[PDB]
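See below for the structure under consideration.
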Amino acid sequence: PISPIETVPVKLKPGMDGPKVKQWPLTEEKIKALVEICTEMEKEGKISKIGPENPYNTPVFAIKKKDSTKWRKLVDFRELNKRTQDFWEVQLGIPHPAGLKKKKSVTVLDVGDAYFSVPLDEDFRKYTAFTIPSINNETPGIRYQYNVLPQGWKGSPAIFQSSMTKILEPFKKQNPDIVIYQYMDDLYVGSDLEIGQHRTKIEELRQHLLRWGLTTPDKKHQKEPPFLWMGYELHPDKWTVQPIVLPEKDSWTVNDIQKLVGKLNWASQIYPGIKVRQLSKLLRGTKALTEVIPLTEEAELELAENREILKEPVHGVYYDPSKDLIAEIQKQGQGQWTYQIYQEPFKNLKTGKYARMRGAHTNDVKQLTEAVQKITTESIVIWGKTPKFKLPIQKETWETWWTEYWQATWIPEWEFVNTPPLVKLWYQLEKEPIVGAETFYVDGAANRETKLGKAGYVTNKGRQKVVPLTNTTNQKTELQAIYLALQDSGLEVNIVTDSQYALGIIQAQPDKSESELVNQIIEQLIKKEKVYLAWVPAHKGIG
Amino acid sequence: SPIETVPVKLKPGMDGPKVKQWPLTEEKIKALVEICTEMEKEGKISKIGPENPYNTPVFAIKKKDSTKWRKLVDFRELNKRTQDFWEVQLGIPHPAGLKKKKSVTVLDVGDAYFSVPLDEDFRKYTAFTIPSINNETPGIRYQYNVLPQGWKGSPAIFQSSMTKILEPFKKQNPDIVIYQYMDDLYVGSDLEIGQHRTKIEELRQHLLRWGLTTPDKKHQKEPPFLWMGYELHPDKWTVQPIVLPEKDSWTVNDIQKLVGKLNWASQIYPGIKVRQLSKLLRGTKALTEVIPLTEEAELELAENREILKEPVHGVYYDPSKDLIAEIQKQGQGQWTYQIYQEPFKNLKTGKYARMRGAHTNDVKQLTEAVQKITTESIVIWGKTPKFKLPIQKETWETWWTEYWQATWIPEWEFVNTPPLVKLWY
Ligand SMILES: N#Cc1ccc(Nc2nc(N)nc(Cc3c(Cl)ccc4[nH]ccc34)n2)cc1
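These protein sequence lines map, in sequence, to chains E and V.
Convert by adding 599 to the 1-based position in the first sequence; the result is the number in full-length UniProt numbering.
Convert by adding 601 to the 1-based position in the second sequence; the result is the number in full-length UniProt numbering.
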């Protein structure tokens, strides 16, 4: 449909040649079924009859719509694709609705017969060769070649979108009042011109397009909102996720829990407090696809609350550059955090969650910063600027943590927001030992094979305890020991540990881990008034 | 002024870079947009189509914070994919004594390259993309038409031109060592600073009246307290804070700690036995308890304070290997750092700090201790190290640019376990 359209020169991967995949014979009904689609096709110049020895062929296959209102031509370019150069990946990133700027009118455009409107590099034309059979050797097979973009080739979407961009560009510039967004075959136009003009301007666009062989049976701006796109319900001034369904089942299998978590994560964009720890905690699937897995107790409760949340429709608003971009986070609990980003008080821009990806240890302050981190990157992609954070932490707690933290961090501008839970250090270990405090030379190992060990201790004051454990590891006992030491000690204690392992676990001052031992030790640390763990080399170290 | 291009061929079985462009602030998109628009005019870069799948990243840094930004192309991937075969087919020899000069100043000559046209074929491999906020749009795409800054093939192909422009200067002044690493010239002299400074602007203007513009016009006769001559002093490069404390009294803990540090010195200097100190701890005594000494204990201390004050050997620089640069937060704007190639075979340890307080954050610091440690590397061994940055990847990945000033980018990774390797240093 276009000589005025400039073709994008295409090439075959470095040392390869054009596809050669002979055509299987098809039903005679189809031969003409294609012959109809093809002569009216060659007629439209989209394709062209080709003479002998274009050694390259590709499979054609008349396909029934299954609604049989008419027939459809379909080519299998798999082999051509496998032989054509890479192109500039389009849509590698997709816009988030929460980042679209508040606009009045927005009208989509089903730019129809698009791939067949854009020309195709003359030279790359010879590989598009496909042959339609003539009823079992009756003739030299009706053989065609493509002059437009083959509807299923590799560089088609790209070359299309490229070409489009070039076509709009003129018009696009003759109108900074209109902004346009291309999406494959779609073309969403938006503006702030009184709806009367905007409808007059789309008329224009449309005509502009039209002069470029690009048609749009979509006149009046046919299709209306809410627009369905990449799974979003997009209304004039609001947006949301295309309704989801969390099925209720008797037995849950892996492929089942996965689409569930997927649906749940996805709804998290705008549905506040959606948790997913438990539902996933299950998926440490030694990836057995239909391995039937029984929802655990919490997973059953977790999914519950998600329903309570999901049932009730929640929407998200758009972006007004002229207003701030605020972000708030609130701790759920089992390493889970949730956040919503907003400009106004009641309607959100978007929401989301964050959880410390499985690693048996971490602190709330650490977790909160990782959260803040993810939000920052999200903000930069969506709005192009960091937001103002409102966080459940007090300058004193925060700044005291980043100062003692060995890793470097960057805390953008934030405000305190008193609204529990509260992020805080439930205990600080003593930097220098404690004078007078009974030192506990805590120790405890095990027999790697026998899975048996003992954790005990010996203090200055000649106090010695030794407890036996069955079914634990050197690691397990090393904390078992420390713990022990805390139990027996008074409210101030000095503990000498031989294991960095035990050291670090506690030194990071983790505030949690479902690892009941550390919990016990942690709970004990909070109770004391002065604790000092000090590390000393193992083997050689002491006696 | 068309010049004959110099054919660039990547190592066989190597295809061009396809790295993804980091998302940017609208601010920076805005700047890059302006900058590229201008380069497009000057004809330096050109818009490209979809038949170009390649992409190296671009950022926007603040030159010398003035009204404008500079565009910074991270050609790290395209470099490995080339310059490594152009560290060969065009190697730029490294002066093993530039580290000896009393003063080294660094001037940005990168802008020279911009005249020399880029091999018509290799261009496609340089394509970069100005991103769009919230993807509402297809990145803006350009590819280079002239030698570009950041890509090591530029100093390699300009090398010809450079050694000539500098020849009738390297004469008058035959004692100054000039080294060209990428877009920067490292001039080294043994002059009293005052003269050096002059000698440099002597050079600054030499280049200038022959074409090469060098923005190293840091300031004017007005002192608003801006930071002085990128004058490094590699004759003062040294270090021995392998400092044990010389205390009045020694407690059970003190030694304990001590006996500890001394144990990791074990793979750095397999020379110090502690049985003599450590034996003074075979007991389960208090910790706050002060306990003077033992036998060769003091000898084991005064004797260790010695071998530890005398650097190790076998520690030689292998050019085949890479330089690995570990850093660490030390607290109160202090950061210690090692440069090695094999564990505990330090080629050079060190330290950095800014002025601690109400103006500097960690990232900016890190971002600095890195450009510091880097430069040092370049000066000493003509090659940047691979930094093992103690920081969360994403955080660093968002801000590094903020305080970044070098026209180059080392290679880095992120550690998340820095042991009390912080203690020992
Ligand atoms: N800032 C900004 C900004 C962002 C987008 C537009 N243009 C625009 N706004 C809306 N509300 N809908 C549309 C159409 C549109 C749909 Cl149907 C679905 C997902 C989308 N992503 C992308 C555009 C877009 N375009 C204009 C300005």
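Heads up, the beta-carbon is just placed ideally off N, CA and C, and yes, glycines get one too.
Item                                                                                                                                         : Value
Per DSSP, cross-strand counterpart(s) of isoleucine 925 of chain V                                                                           : V:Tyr941 and V:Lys987
Proximity test, Cβ basis, 7 Å: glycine 650 of chain V and chain E                                                                            : yes
Below-7 Å beta-carbon distance, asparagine 736 of chain E vs any chain V residue                                                             : no
7 Å Cβ cutoff met for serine 790 of chain V and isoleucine 777 of chain V                                                                    : yes
Run of the alpha helix (DSSP H) containing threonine 657 of chain E, from where it starts to where it stops                                  : Run containing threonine 657 of chain E: none; DSSP gives neither H nor E here.
Cut-off 8 Å between Cβ atoms - residues of its own chain near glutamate 721 of chain V, not counting five sequence neighbours on either side : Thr606
Within-7 Å CB hit, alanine 887 of chain V to chain E                                                                                         : yes
Chain E contact for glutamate 737 of chain V (CB, 7 Å cutoff)                                                                                : yes
For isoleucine 1094 of chain E, the three-state DSSP class (helix, strand or coil)                                                           : strand
Extent of the continuous alpha helix (DSSP H) run through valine 860 of chain V                                                              : 853 to 869
Chain V within 7 Å of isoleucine 758 of chain E, Cβ atoms only                                                                               : yes
Distance, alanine 1084 of chain E Cα to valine 1130 of chain E Cα                                                                            : 11 Å
Residue-level contact to chain V via CB, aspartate 1042 of chain E, 7 Å cutoff                                                               : no
Per-residue contacts from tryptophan 851 of chain V into chain E (C-beta, under 7 Å)                                                         : None at all; the shortest Cβ gap to chain E is about 14 Å.
Sequence-distant residues of its chain with Cβ nearer than 6 Å to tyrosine 1004 of chain V (five each side left out)                         : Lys965 and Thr968
Span of the beta strand (DSSP E) around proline 1067 of chain E                                                                              : 1063 to 1069
Identity of the residues DSSP links to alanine 1133 of chain E by a beta bridge                                                              : E:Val1095
Which listed residue (E:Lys984, E:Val710, E:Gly1140 and E:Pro608) has its alpha carbon closest to that of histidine 820 of chain E           : E:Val710
Partners in chain E for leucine 967 of chain V, counting only beta-carbon separations shorter than 7 Å                                       : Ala1007
Beta-carbon proximity of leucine 863 of chain V to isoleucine 873 of chain V, cut-off 7 Å                                                    : yes
Inside the region 942 to 991 of chain E only - alpha helix (DSSP H) runs reaching at least 4 residues                                        : 963 to 981
Min CB distance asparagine 1059 of chain E to chain V below 7 Å                                                                              : yes
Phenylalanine 826 of chain E CB to nearest heavy atom of ligand 1 below 6 Å                                                                  : yes
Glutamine 744 of chain V vs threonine 727 of chain V beta-carbon contact at 7 Å                                                              : yes
Cβ of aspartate 685 of chain E within 7 Å of any chain V Cβ                                                                                  : yes
7 Å Cβ cut-off: residues of chain E touching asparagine 947 of chain V                                                                       : Those within 7 Å of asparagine 947 of chain V in chain E number zero; the least Cβ separation is about 20 Å.
Presumed contact (8 Å Cβ cut-off) between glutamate 927 of chain E and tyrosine 918 of chain E, rounded CB distance                          : So it is not a contact: roughly 17 Å between Cβ atoms.
Whether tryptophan 623 of chain V touches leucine 679 of chain V by CB criterion (7 Å)                                                       : no
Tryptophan 838 of chain E beta carbon less than 7 Å from that of residue 1146 of chain E                                                     : This structure leaves residue 1146 of chain E out entirely; chain E is present only between 600 and 1142.
Check: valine 778 of chain E C-beta below 6 Å from any heavy atom of ligand 1                                                                : yes
Chain V contact for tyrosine 953 of chain E (CB, 7 Å cutoff)                                                                                 : no
Cα-Cα separation, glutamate 1048 of chain E to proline 1136 of chain E                                                                       : 24 Å
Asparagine 1093 of chain E: contacting residues in chain V (beta-carbon distance under 9 Å)                                                  : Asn854, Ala887, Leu888 and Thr889
is_contact[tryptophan 1000 of chain V, chain E] using C-beta, thresh 7 Å                                                                     : yes
Contact the region 1003 to 1022 of chain V vs the region 1017 to 1034 of chain E: 3+ CB pairs below 8 Å                                      : no
Through-space distance from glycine 644 of chain V to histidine 960 of chain E, alpha-carbon basis                                           : 54 Å
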